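Participant: I'd like to ask some things about the structure below.
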Amino acid sequence: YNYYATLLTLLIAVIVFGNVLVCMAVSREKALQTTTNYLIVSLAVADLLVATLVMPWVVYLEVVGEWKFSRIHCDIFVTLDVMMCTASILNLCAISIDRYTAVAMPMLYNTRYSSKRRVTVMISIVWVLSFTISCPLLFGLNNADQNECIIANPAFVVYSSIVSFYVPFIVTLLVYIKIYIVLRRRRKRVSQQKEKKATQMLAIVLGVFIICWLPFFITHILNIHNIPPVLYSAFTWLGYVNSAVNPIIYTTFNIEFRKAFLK
Ligand SMILES: CCN(CC)C(=O)[C@@H]1C=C2c3cccc4[nH]cc(c34)C[C@H]2N(C)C1
């Protein structure tokens with residue numbers, strides 16, 4: 001099937017274009033070099049690595065339908081898929097925690113020396129944790145056959161799905177609704193279109209993260225404890241589309257990012 005090549009190649013190109021523009025914008029503009037924007041750059045790097053390393057072999061699987069490369073190559077492919085997707089999800093959770101620090105710890109957030117240490121620790125933790133989650137697949141824990149490159153371990157699927165998605169998902173959800181409650185509290189305590197804008201952004205980021213990743217993981221848990229395969233593939237491609245949409249929703253609304261993208 002050569003019909004998948006076009007569509008999936010445009011998806012890869014869209015992801016690469018958006019994340020590269022975010023990285024170039026943050027690097028070039030001195031006003032944009034802040035620690036929250038460095039968390040955004042970490043998310044963009046995760047998405048760019050998804051598009052560059054992981055997705056091209058996923059296109060190969062769709063086109064050829066069978067794995068005609070080495071078995072160790074298949075192991076690298078699956079562990080890279082898990083690692084980069086987990087890194088993207090954990091970067092989203094880190095951005096949520098940073099935005100919470102902005103609202104509930106305004107004085108500590110403003111301090112440069114403490115904020116640098118916080119963000120360097122968060123970036124290190126998310127990347128190390130994604131690597132440690134993905135590493136057992138390198139050990140031949142996956143049981144793929146010679147023809148096909150897939151993950152056939154239900155136990156690893158459940159255990160990695162939990163730590164990689166569910167608890168960062170619950171944490172991000174609780175953190176964002178906490179930010180919403182604090183925003184409403186200060187709105188009651190106290191032009192005003194910015195206050196509705198903040199609500200819009202929280203709803204948009206939550207909705208994108210729910211729609212793109214939740215169906216895939218819930219389908220995995222339901223499967224491991226029948227459903228057709230085409231929607232399974234589409235659910236995986238939705239998770240990949242998360243990487244396409246993240247650099248839009250996390251930068252294109254902010255004005256300073258728009259100026260850099262125009263320039
Ligand atoms: C069809 C077979 N493939 C391709 C290698 C998968 O199932 C991939 C397995 C994933 C997976 C399992 C378990 C935990 C996880 N966290 C993050 C991901 C993940 C990414 C996720 N990708 C998108 C698909």
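In the structure tokens, chains take the letters A, B, ... in the order shown, each chain's residues start at 1, and ligands count up from 1 in the order shown.
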Can you tell me, as a list in words, what residues are no more than 10 Å from residue A:218 when counting only C-alpha atoms, ignoring any on the same chain fewer than 6 positions away?

Facilitator: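 Here the qualifying residues turn out to be residues 161, 166 and 224 of chain A.
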
Participant: Keeping only N, CA and C atoms, write the selected residues to a file as a PDB file, in the first residue's frame.

Facilitator:
ATOM      1  N   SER A 161       2.339   1.147  30.571  1.00  0.00           N
ATOM      2  CA  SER A 161       1.237   2.061  30.289  1.00  0.00           C
ATOM      3  C   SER A 161       0.867   2.865  31.522  1.00  0.00           C
ATOM      4  N   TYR A 166      -0.821   6.913  32.777  1.00  0.00           N
ATOM      5  CA  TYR A 166      -1.961   7.106  33.669  1.00  0.00           C
ATOM      6  C   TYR A 166      -1.638   8.057  34.815  1.00  0.00           C
ATOM      7  N   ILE A 224      -5.887  -6.095  26.865  1.00  0.00           N
ATOM      8  CA  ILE A 224      -5.052  -7.000  27.652  1.00  0.00           C
ATOM      9  C   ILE A 224      -5.842  -7.561  28.838  1.00  0.00           C
TER      10      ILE A 224
END

Participant: Which chains and residue numbers are within 6 Å of ligand 1, counting only C-alpha atoms and all ligand atoms, if I want them as a PyMOL selection string?

Facilitator: chain A and resi 78+81-82+85-86+150-151+157+160-161+164+236+239

Participant: Write out as a PyMOL selection string which residues come within 12 Å of residue A:31 when counting only C-alpha atoms, dropping same-chain ones fewer than 5 positions away.

Facilitator: chain A and resi 25-26+37+255-257+259-260

Participant: If you keep N, CA and C atoms, can you produce a file of those selected residues as a PDB file, in the first residue's frame?

Facilitator:
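File selection_14.pdb, as written:
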ATOM      1  N   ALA A  25      12.825  29.537  17.164  1.00  0.00           N
ATOM      2  CA  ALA A  25      12.286  30.735  17.793  1.00  0.00           C
ATOM      3  C   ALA A  25      12.864  30.930  19.186  1.00  0.00           C
ATOM      4  N   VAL A  26      12.908  29.864  19.987  1.00  0.00           N
ATOM      5  CA  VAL A  26      13.421  30.010  21.347  1.00  0.00           C
ATOM      6  C   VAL A  26      14.916  30.302  21.327  1.00  0.00           C
ATOM      7  N   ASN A  37       9.968  28.278  28.636  1.00  0.00           N
ATOM      8  CA  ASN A  37      10.201  28.053  27.218  1.00  0.00           C
ATOM      9  C   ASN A  37      11.234  26.954  26.998  1.00  0.00           C
ATOM     10  N   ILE A 255       2.073  35.578  22.300  1.00  0.00           N
ATOM     11  CA  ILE A 255       2.315  36.663  21.348  1.00  0.00           C
ATOM     12  C   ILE A 255       3.796  36.738  20.989  1.00  0.00           C
ATOM     13  N   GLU A 256       4.672  36.580  21.985  1.00  0.00           N
ATOM     14  CA  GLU A 256       6.109  36.657  21.726  1.00  0.00           C
ATOM     15  C   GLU A 256       6.556  35.541  20.796  1.00  0.00           C
ATOM     16  N   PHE A 257       5.916  34.375  20.890  1.00  0.00           N
ATOM     17  CA  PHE A 257       6.207  33.304  19.948  1.00  0.00           C
ATOM     18  C   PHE A 257       5.715  33.652  18.547  1.00  0.00           C
ATOM     19  N   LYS A 259       5.635  36.644  17.243  1.00  0.00           N
ATOM     20  CA  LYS A 259       6.591  37.592  16.672  1.00  0.00           C
ATOM     21  C   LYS A 259       7.818  36.869  16.124  1.00  0.00           C
ATOM     22  N   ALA A 260       8.323  35.882  16.870  1.00  0.00           N
ATOM     23  CA  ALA A 260       9.472  35.116  16.403  1.00  0.00           C
ATOM     24  C   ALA A 260       9.131  34.301  15.160  1.00  0.00           C
TER      25      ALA A 260
END

Participant: Figure out the distance between atom CA of residue A:3 and atom CA of residue A:62, please, to one decimal in Å.

Facilitator: 9.6 Å
